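Written out below as structure tokens is the structure these notes cover.
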Amino acid sequence: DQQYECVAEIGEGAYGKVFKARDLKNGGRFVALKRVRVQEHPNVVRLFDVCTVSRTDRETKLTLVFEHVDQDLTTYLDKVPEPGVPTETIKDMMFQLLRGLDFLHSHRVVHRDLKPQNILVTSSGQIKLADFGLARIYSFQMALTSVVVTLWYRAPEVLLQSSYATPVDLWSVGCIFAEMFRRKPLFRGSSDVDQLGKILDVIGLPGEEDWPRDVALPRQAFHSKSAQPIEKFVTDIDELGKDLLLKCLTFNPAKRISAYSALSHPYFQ
Amino acid sequence: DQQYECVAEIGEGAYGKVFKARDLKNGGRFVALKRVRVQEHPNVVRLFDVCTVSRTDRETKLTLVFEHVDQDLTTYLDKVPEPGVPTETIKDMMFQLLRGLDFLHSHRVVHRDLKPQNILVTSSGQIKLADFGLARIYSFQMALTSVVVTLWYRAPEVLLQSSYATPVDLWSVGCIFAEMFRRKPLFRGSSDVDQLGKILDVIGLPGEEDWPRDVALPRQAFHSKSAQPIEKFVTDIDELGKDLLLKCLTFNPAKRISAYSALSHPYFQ
Amino acid sequence: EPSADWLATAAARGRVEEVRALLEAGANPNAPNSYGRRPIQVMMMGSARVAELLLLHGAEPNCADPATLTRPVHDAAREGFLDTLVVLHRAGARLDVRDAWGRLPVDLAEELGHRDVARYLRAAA
Amino acid sequence: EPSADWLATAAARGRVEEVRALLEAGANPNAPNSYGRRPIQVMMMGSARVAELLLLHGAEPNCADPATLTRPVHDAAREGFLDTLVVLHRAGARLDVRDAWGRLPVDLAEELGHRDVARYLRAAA
């Protein structure tokens, strides 16, 4: 049974639901619960407990209880005083996000849905990866309200649908990274296709190689058009940043930079 | 490779996407494609083909090609001349839906998402079960536009979240059955909770037994209130119908009627 | 950029309301759907309300299906939805057009055994 | 029927826009959330824009959390979001209230080491 009191629903992940709750054993503090059924790292939202709800004839209600940081990088970036988020801090946050995302790869884990709304920024700007499945489904340009379930951080791979590898996250870290400076998403897709294009519009159509044969939308459909300069949308981004950014925001997953290595890149000098 | 030409996206199921396409080998006829990746019965939408897209080092793009009936029970019911759908026909459609849903149980299959928009009604009113995952997400009462992903046909079981058994479908068949006469859904929930209540409002709060202990929302939260008569919302529904309806629309899955047996019920006399 | 792709799946999914909305929310009733095929070509024949919606909303009923060459009135005829056929008909689509296999909607309807459509077409033509 | 439950998860998910919309779409800025706890109690402290949104929108800032008895200004204080605290403060919530364990938001903030909040509270009180 749970001591943690479900204070509110906050998302429905595949495995089940996730609410906000107050862990009554501690200060009535806030804690994320993920109620499951069946049949550490500093930058990762900790798992306070696994409460077993019901052992049965094959099926077991559990209730994982994860730590909670009440503020996403989204409200973080939304919040900062007008010039923007300070530069020192990005390198750090950015740095943290990586070290964390790295820690997951190191143990077979692929986050896949690594949107800012899953990145948590603590009171002390200490970052923690987490997933809520909540789905903050969007509407477009004021008078052009097109719906979408925010798939802006989706990798081209997963977009075209031909994988969901370790490097899928890394593409996201890049989107998020660009966004740090940004405080406006780099690629706001509506459909899975729109997004696939947008990325290319910025990055540019890779040669028929990085882009597979079988996979959904054919390379040629998104006609070579463009090779837009990063600086055009990630202003005031220093050299090594412009660097590591593209290294994460690269089309071919195997070619795209790794988490582990990303930590080592010059940028975090 | 596919001969069937993707004419349009029509849904994203778990396994992947599903589009409308024209099978170019036949009349350019319409056909449902479900592109998958890895690592008969008259009332069931037939599987015209399994096209293997790419055999690899563990992962295989396929493309199942299912038959297509261009009209759902939703547009069916939407379409009929003002008095309503004729009575003879319901017993038949209703009858078909069951025989079909039964055919699935008979082979371990649990549909789970058996909404009207998945039931297909042919030119000849011949019914076929099918699933699109599309998600025709809704908005409420004109000036009370509450969003929702139409979970109105969800069983109480799956609602409270404590299973997804064979009888989950059967509850839906009941919702749909009521709806046949209806041409207006029996229970239009917004949240997973709203729906859980609505059902009870009609059916009535079962004693603390049919309703489990562990499961999400506690029985007592939906205070015993009500025991509303079926006739109040499924008018002109004859006796045996009123009968089989409640027999499908029953809270306790194991207690709720089976597909197999449902076929046998007096109603289809 | 598309937007009138949302409209296709709408028409395709036979989403009367979204089709309407989508439309009366500023959506192009004539655009190729990223798969090149406008709605009312990809609509749910049998969703007369939808065919009717688009048609009487700036929707060119005459369109050859890239590869197939098939036209709506054809499809309407092959799936037996006289409903959509007629709405398509009164709208403008000519009920005596041919597809890649050279077929009149009539032939389709006659072929599949759609007596009704067979009638509405083996007349008014 | 609720509706102001959507609002809770909104506030909880720190969905400024949906909270607004939800609100300016006729949603009750004071309702129990089916889990009995109104938003601005369940909001994402740290989503100042959201606290501020609800508050200055018919939102009673003073509410004891059924079991916990904790209040927003408390939470704001424990997570370190001076932002939400202050907005909550100017709004009305009294920055010297106690929870079930008898604690001033101050004590919380002081405890977790939230110097800043510790200041905004070890003053103005």
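Following the order of the structure tokens, chains are lettered A, B, ..., residues in each are numbered from 1, and ligands are numbered from 1.
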For the interface of chain B with chain D (cut-off 10 Å, counting only C-alpha atoms), please tabulate each contacting residue of chain B alongside its nearest pair of atoms and their separation in Å to one decimal, rows sorted by chain and increasing number, as JSON lines.
{"residue": "B:143", "atom": "CA", "partner": "D:25", "partner_atom": "CA", "distance": 8.7}
{"residue": "B:144", "atom": "CA", "partner": "D:26", "partner_atom": "CA", "distance": 7.8}
{"residue": "B:145", "atom": "CA", "partner": "D:25", "partner_atom": "CA", "distance": 8.3}
{"residue": "B:146", "atom": "CA", "partner": "D:3", "partner_atom": "CA", "distance": 7.2}
{"residue": "B:147", "atom": "CA", "partner": "D:6", "partner_atom": "CA", "distance": 9.3}
{"residue": "B:189", "atom": "CA", "partner": "D:1", "partner_atom": "CA", "distance": 9.9}
{"residue": "B:190", "atom": "CA", "partner": "D:3", "partner_atom": "CA", "distance": 8.2}
{"residue": "B:191", "atom": "CA", "partner": "D:6", "partner_atom": "CA", "distance": 8.2}
{"residue": "B:193", "atom": "CA", "partner": "D:34", "partner_atom": "CA", "distance": 8.3}
{"residue": "B:194", "atom": "CA", "partner": "D:1", "partner_atom": "CA", "distance": 6.9}
{"residue": "B:197", "atom": "CA", "partner": "D:1", "partner_atom": "CA", "distance": 8.9}
{"residue": "B:198", "atom": "CA", "partner": "D:1", "partner_atom": "CA", "distance": 9.2}
{"residue": "B:217", "atom": "CA", "partner": "D:35", "partner_atom": "CA", "distance": 9.6}
{"residue": "B:221", "atom": "CA", "partner": "D:34", "partner_atom": "CA", "distance": 9.1}
Only N, CA and C atoms, please: the residues just picked out, written as an mmCIF file, in the first residue's frame.
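The result, written out as out.cif:
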data_model
loop_
_atom_site.group_PDB
_atom_site.id
_atom_site.type_symbol
_atom_site.label_atom_id
_atom_site.label_comp_id
_atom_site.auth_asym_id
_atom_site.auth_seq_id
_atom_site.Cartn_x
_atom_site.Cartn_y
_atom_site.Cartn_z
ATOM 1 N N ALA B 143 -20.518 24.647 -25.785
ATOM 2 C CA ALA B 143 -19.843 25.673 -24.989
ATOM 3 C C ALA B 143 -19.055 25.120 -23.786
ATOM 4 N N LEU B 144 -18.842 23.805 -23.751
ATOM 5 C CA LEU B 144 -18.085 23.158 -22.672
ATOM 6 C C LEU B 144 -17.027 22.203 -23.253
ATOM 7 N N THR B 145 -16.390 22.645 -24.338
ATOM 8 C CA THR B 145 -15.364 21.894 -25.074
ATOM 9 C C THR B 145 -14.211 21.273 -24.257
ATOM 10 N N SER B 146 -14.487 20.156 -23.580
ATOM 11 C CA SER B 146 -13.467 19.435 -22.812
ATOM 12 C C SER B 146 -12.860 18.418 -23.809
ATOM 13 N N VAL B 147 -11.529 18.337 -23.901
ATOM 14 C CA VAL B 147 -10.866 17.396 -24.822
ATOM 15 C C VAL B 147 -10.921 15.970 -24.262
ATOM 16 N N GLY B 189 -17.235 10.087 -21.672
ATOM 17 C CA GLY B 189 -16.305 10.570 -20.676
ATOM 18 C C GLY B 189 -15.279 11.527 -21.249
ATOM 19 N N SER B 190 -14.722 12.363 -20.384
ATOM 20 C CA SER B 190 -13.690 13.305 -20.779
ATOM 21 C C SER B 190 -12.408 12.682 -20.247
ATOM 22 N N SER B 191 -12.344 12.543 -18.933
ATOM 23 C CA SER B 191 -11.196 11.942 -18.294
ATOM 24 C C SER B 191 -11.486 10.451 -18.111
ATOM 25 N N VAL B 193 -11.623 9.142 -15.313
ATOM 26 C CA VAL B 193 -12.484 9.146 -14.127
ATOM 27 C C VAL B 193 -13.940 9.443 -14.491
ATOM 28 N N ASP B 194 -14.143 10.501 -15.281
ATOM 29 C CA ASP B 194 -15.471 10.923 -15.723
ATOM 30 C C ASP B 194 -16.180 9.680 -16.244
ATOM 31 N N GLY B 197 -17.222 7.112 -13.805
ATOM 32 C CA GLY B 197 -18.429 7.490 -13.109
ATOM 33 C C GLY B 197 -19.648 7.276 -13.993
ATOM 34 N N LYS B 198 -19.688 7.980 -15.123
ATOM 35 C CA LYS B 198 -20.805 7.915 -16.063
ATOM 36 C C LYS B 198 -21.421 6.529 -16.169
ATOM 37 N N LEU B 217 -9.203 4.140 -8.638
ATOM 38 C CA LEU B 217 -10.292 4.802 -7.915
ATOM 39 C C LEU B 217 -11.112 3.857 -7.016
ATOM 40 N N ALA B 221 -15.634 6.092 -3.595
ATOM 41 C CA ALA B 221 -15.478 7.452 -4.123
ATOM 42 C C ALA B 221 -16.612 7.797 -5.086
#
I need the residues in segment 50-154 of chain B that are strand (DSSP E) according to DSSP; give them as a short mmCIF file (atom, residue, chain, number, x, y, z; two decimals) with C-alpha atoms, in the first residue's frame.
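Output (selection.cif):
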data_model
loop_
_atom_site.label_atom_id
_atom_site.label_comp_id
_atom_site.auth_asym_id
_atom_site.auth_seq_id
_atom_site.Cartn_x
_atom_site.Cartn_y
_atom_site.Cartn_z
CA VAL B 50 2.27 -9.40 -45.41
CA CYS B 51 4.86 -7.55 -47.46
CA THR B 52 8.39 -7.93 -46.07
CA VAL B 53 10.18 -4.60 -46.38
CA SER B 54 13.62 -5.44 -45.04
CA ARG B 55 15.23 -8.48 -43.38
CA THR B 60 12.34 -6.44 -40.07
CA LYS B 61 10.21 -3.82 -41.78
CA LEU B 62 6.95 -5.49 -42.94
CA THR B 63 3.73 -4.07 -44.35
CA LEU B 64 0.62 -5.94 -43.53
CA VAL B 65 -2.12 -5.24 -46.01
CA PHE B 66 -5.66 -5.53 -44.68
CA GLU B 67 -8.97 -5.35 -46.47
CA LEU B 120 -16.77 -1.32 -40.30
CA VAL B 121 -20.16 -1.46 -41.93
CA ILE B 127 -19.80 -5.95 -40.44
CA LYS B 128 -16.07 -6.25 -39.95
CA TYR B 138 -13.05 14.82 -28.92
CA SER B 139 -14.28 18.16 -27.41
CA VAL B 147 -10.87 17.40 -24.82
CA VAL B 148 -10.67 13.56 -24.67
#
Env of residue 174 of chain B: 8 Å cut, atoms = only C-alpha atoms, seq-sep filter 5 positions within chain, self excluded. Answer as a ChimeraX atom specification. /B:245-246,248-249
Can you pull out the residues contacting residue 205 of chain B? Cut-off 12 Å, using only C-alpha atoms, and skip same-chain residues under 5 positions away; I want them as a ChimeraX atom specification. /B:156,196-200,210-211,218-228,250-252
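Those residues that approach residue 112 of chain D to within 9 Å, counting only C-alpha atoms, are residues 78, 79, 80, 107 and 108 of chain D; same-chain residues fewer than 4 positions away are not listed.
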Output for the residues just chosen: N, CA and C atoms as a tab-separated table (two decimals), in the first residue's frame:
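Now in result13.tsv:
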chain	number	residue	atom	x	y	z
D	78	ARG	N	9.91	24.90	0.00
D	78	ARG	CA	10.74	23.68	0.00
D	78	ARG	C	11.45	23.33	-1.33
D	79	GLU	N	10.89	23.76	-2.46
D	79	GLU	CA	11.49	23.48	-3.76
D	79	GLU	C	12.39	24.62	-4.19
D	80	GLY	N	12.39	25.69	-3.38
D	80	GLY	CA	13.22	26.86	-3.61
D	80	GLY	C	12.75	27.91	-4.60
D	107	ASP	N	10.93	27.44	7.73
D	107	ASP	CA	11.63	26.29	8.29
D	107	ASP	C	12.04	25.35	7.16
D	108	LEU	N	11.10	25.10	6.23
D	108	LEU	CA	11.35	24.24	5.07
D	108	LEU	C	12.52	24.81	4.28
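Between atom CA of residue 44 of chain D and atom CA of residue 20 of chain A the separation is 9.8 Å.
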Counting only C-alpha atoms, which residues of chain B fall within 10 Å of chain A, and what is the closest atom pair for each with its distance in Å at one decimal, ordered by chain and rising number, as JSON lines?
{"residue": "B:1", "atom": "CA", "partner": "A:214", "partner_atom": "CA", "distance": 8.3}
{"residue": "B:16", "atom": "CA", "partner": "A:161", "partner_atom": "CA", "distance": 8.6}
{"residue": "B:17", "atom": "CA", "partner": "A:161", "partner_atom": "CA", "distance": 9.5}
{"residue": "B:35", "atom": "CA", "partner": "A:216", "partner_atom": "CA", "distance": 9.0}
{"residue": "B:36", "atom": "CA", "partner": "A:161", "partner_atom": "CA", "distance": 9.8}
{"residue": "B:37", "atom": "CA", "partner": "A:162", "partner_atom": "CA", "distance": 8.0}
{"residue": "B:53", "atom": "CA", "partner": "A:214", "partner_atom": "CA", "distance": 6.7}
{"residue": "B:54", "atom": "CA", "partner": "A:214", "partner_atom": "CA", "distance": 7.1}
{"residue": "B:59", "atom": "CA", "partner": "A:163", "partner_atom": "CA", "distance": 8.8}
{"residue": "B:60", "atom": "CA", "partner": "A:162", "partner_atom": "CA", "distance": 9.5}
{"residue": "B:61", "atom": "CA", "partner": "A:214", "partner_atom": "CA", "distance": 7.9}
{"residue": "B:161", "atom": "CA", "partner": "A:16", "partner_atom": "CA", "distance": 8.6}
{"residue": "B:162", "atom": "CA", "partner": "A:37", "partner_atom": "CA", "distance": 8.0}
{"residue": "B:163", "atom": "CA", "partner": "A:59", "partner_atom": "CA", "distance": 8.8}
{"residue": "B:213", "atom": "CA", "partner": "A:54", "partner_atom": "CA", "distance": 9.7}
{"residue": "B:214", "atom": "CA", "partner": "A:53", "partner_atom": "CA", "distance": 6.7}
{"residue": "B:215", "atom": "CA", "partner": "A:61", "partner_atom": "CA", "distance": 8.3}
{"residue": "B:216", "atom": "CA", "partner": "A:35", "partner_atom": "CA", "distance": 9.0}
Please save N, CA and C atoms of the selected residues as a PDB file, in the first residue's frame.
ATOM      1  N   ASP B   1       8.906  -5.002 -51.193  1.00  0.00           N
ATOM      2  CA  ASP B   1       8.451  -3.645 -51.593  1.00  0.00           C
ATOM      3  C   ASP B   1       6.946  -3.728 -51.772  1.00  0.00           C
ATOM      4  N   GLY B  16       2.866   0.637 -35.075  1.00  0.00           N
ATOM      5  CA  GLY B  16       3.324   1.545 -36.107  1.00  0.00           C
ATOM      6  C   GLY B  16       2.226   2.415 -36.682  1.00  0.00           C
ATOM      7  N   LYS B  17       2.296   2.653 -37.980  1.00  0.00           N
ATOM      8  CA  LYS B  17       1.311   3.485 -38.640  1.00  0.00           C
ATOM      9  C   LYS B  17       0.395   2.672 -39.537  1.00  0.00           C
ATOM     10  N   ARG B  35       2.236  -0.772 -41.558  1.00  0.00           N
ATOM     11  CA  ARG B  35       3.676  -0.975 -41.681  1.00  0.00           C
ATOM     12  C   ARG B  35       4.281  -1.336 -40.313  1.00  0.00           C
ATOM     13  N   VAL B  36       4.807  -2.554 -40.171  1.00  0.00           N
ATOM     14  CA  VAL B  36       5.394  -2.991 -38.894  1.00  0.00           C
ATOM     15  C   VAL B  36       6.901  -3.228 -38.948  1.00  0.00           C
ATOM     16  N   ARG B  37       7.514  -3.253 -37.782  1.00  0.00           N
ATOM     17  CA  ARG B  37       8.941  -3.483 -37.662  1.00  0.00           C
ATOM     18  C   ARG B  37       9.024  -4.467 -36.517  1.00  0.00           C
ATOM     19  N   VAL B  53       9.403  -5.749 -45.931  1.00  0.00           N
ATOM     20  CA  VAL B  53      10.181  -4.599 -46.384  1.00  0.00           C
ATOM     21  C   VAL B  53      11.691  -4.710 -46.257  1.00  0.00           C
ATOM     22  N   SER B  54      12.182  -5.336 -45.195  1.00  0.00           N
ATOM     23  CA  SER B  54      13.621  -5.442 -45.037  1.00  0.00           C
ATOM     24  C   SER B  54      14.083  -6.380 -43.933  1.00  0.00           C
ATOM     25  N   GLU B  59      15.660  -6.958 -36.825  1.00  0.00           N
ATOM     26  CA  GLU B  59      14.676  -5.909 -37.116  1.00  0.00           C
ATOM     27  C   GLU B  59      14.187  -6.201 -38.526  1.00  0.00           C
ATOM     28  N   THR B  60      12.878  -6.151 -38.738  1.00  0.00           N
ATOM     29  CA  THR B  60      12.339  -6.444 -40.065  1.00  0.00           C
ATOM     30  C   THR B  60      11.123  -5.618 -40.476  1.00  0.00           C
ATOM     31  N   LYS B  61      11.326  -4.634 -41.345  1.00  0.00           N
ATOM     32  CA  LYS B  61      10.206  -3.817 -41.781  1.00  0.00           C
ATOM     33  C   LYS B  61       9.261  -4.709 -42.609  1.00  0.00           C
ATOM     34  N   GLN B 161      -8.140   0.444 -14.178  1.00  0.00           N
ATOM     35  CA  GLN B 161      -6.852  -0.157 -14.449  1.00  0.00           C
ATOM     36  C   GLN B 161      -6.522  -1.266 -13.482  1.00  0.00           C
ATOM     37  N   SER B 162      -6.874  -2.475 -13.896  1.00  0.00           N
ATOM     38  CA  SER B 162      -6.625  -3.671 -13.116  1.00  0.00           C
ATOM     39  C   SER B 162      -6.659  -4.896 -14.016  1.00  0.00           C
ATOM     40  N   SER B 163      -6.736  -4.665 -15.327  1.00  0.00           N
ATOM     41  CA  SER B 163      -6.772  -5.745 -16.309  1.00  0.00           C
ATOM     42  C   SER B 163      -7.071  -5.232 -17.699  1.00  0.00           C
ATOM     43  N   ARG B 213     -10.142  -4.003  -4.705  1.00  0.00           N
ATOM     44  CA  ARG B 213      -9.550  -3.244  -3.592  1.00  0.00           C
ATOM     45  C   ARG B 213      -8.422  -2.305  -4.053  1.00  0.00           C
ATOM     46  N   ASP B 214      -7.389  -2.902  -4.644  1.00  0.00           N
ATOM     47  CA  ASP B 214      -6.187  -2.195  -5.094  1.00  0.00           C
ATOM     48  C   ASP B 214      -6.388  -1.101  -6.115  1.00  0.00           C
ATOM     49  N   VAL B 215      -7.004  -1.510  -7.219  1.00  0.00           N
ATOM     50  CA  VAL B 215      -7.275  -0.692  -8.381  1.00  0.00           C
ATOM     51  C   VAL B 215      -7.491   0.794  -8.096  1.00  0.00           C
ATOM     52  N   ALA B 216      -6.958   1.619  -8.996  1.00  0.00           N
ATOM     53  CA  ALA B 216      -7.003   3.078  -8.900  1.00  0.00           C
ATOM     54  C   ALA B 216      -8.100   3.723  -8.023  1.00  0.00           C
TER      55      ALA B 216
END
Separation of atom CA of residue 2 of chain B from atom CA of residue 40 of chain B, in Å and rounded to one decimal: 22.7 Å
Which residues are near residue 18 of chain C? Cut-off 9 Å, only C-alpha atoms, ignore same chain within fewer than 6 positions. Put them as an NGL selection string. :C and (6-7 or 10-11)
If we count only C-alpha atoms and set the cut-off at 10 Å, which residues sit around residue 131 of chain A, ignoring sequence neighbours fewer than 4 positions away in its own chain? Please answer as a PyMOL selection string. chain A and resi 11+13+18+45+111-120
Written file, previous selection with N, CA and C atoms, as a compact mmCIF listing (two decimals), in the first residue's frame:
# COMPACT_ATOMS: atom_id res chain seq x y z
N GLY A 11 0.31 12.52 -15.99
CA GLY A 11 0.74 11.91 -17.23
C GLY A 11 0.41 10.44 -17.25
N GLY A 13 2.03 7.24 -18.86
CA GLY A 13 3.12 6.69 -19.63
C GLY A 13 2.61 5.36 -20.16
N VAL A 18 1.15 8.32 -14.09
CA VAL A 18 2.10 8.98 -13.23
C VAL A 18 1.44 10.21 -12.68
N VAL A 45 16.58 11.54 -12.09
CA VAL A 45 15.54 11.61 -11.08
C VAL A 45 15.57 10.25 -10.32
N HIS A 111 16.07 6.66 -23.60
CA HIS A 111 15.01 7.55 -23.19
C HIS A 111 13.94 7.82 -24.26
N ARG A 112 14.36 8.01 -25.50
CA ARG A 112 13.43 8.23 -26.61
C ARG A 112 12.55 9.48 -26.59
N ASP A 113 11.92 9.76 -25.46
CA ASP A 113 11.03 10.91 -25.32
C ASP A 113 11.76 11.91 -24.44
N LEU A 114 12.92 12.40 -24.86
CA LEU A 114 13.66 13.33 -24.02
C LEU A 114 13.36 14.80 -24.31
N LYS A 115 12.12 15.22 -24.09
CA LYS A 115 11.72 16.62 -24.32
C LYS A 115 12.18 17.50 -23.13
N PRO A 116 12.17 18.84 -23.29
CA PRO A 116 12.58 19.69 -22.17
C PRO A 116 11.68 19.39 -20.96
N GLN A 117 10.37 19.27 -21.19
CA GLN A 117 9.37 18.97 -20.14
C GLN A 117 9.64 17.72 -19.31
N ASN A 118 10.72 17.03 -19.65
CA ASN A 118 11.13 15.82 -18.97
C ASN A 118 12.44 16.12 -18.27
N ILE A 119 13.13 17.15 -18.74
CA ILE A 119 14.37 17.55 -18.11
C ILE A 119 13.89 18.39 -16.93
N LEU A 120 14.43 18.14 -15.76
CA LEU A 120 14.02 18.94 -14.63
C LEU A 120 15.17 19.84 -14.23
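With atom CA of residue 100 of chain A on one side and atom CA of residue 229 of chain A on the other, the separation reads 28.7 Å.
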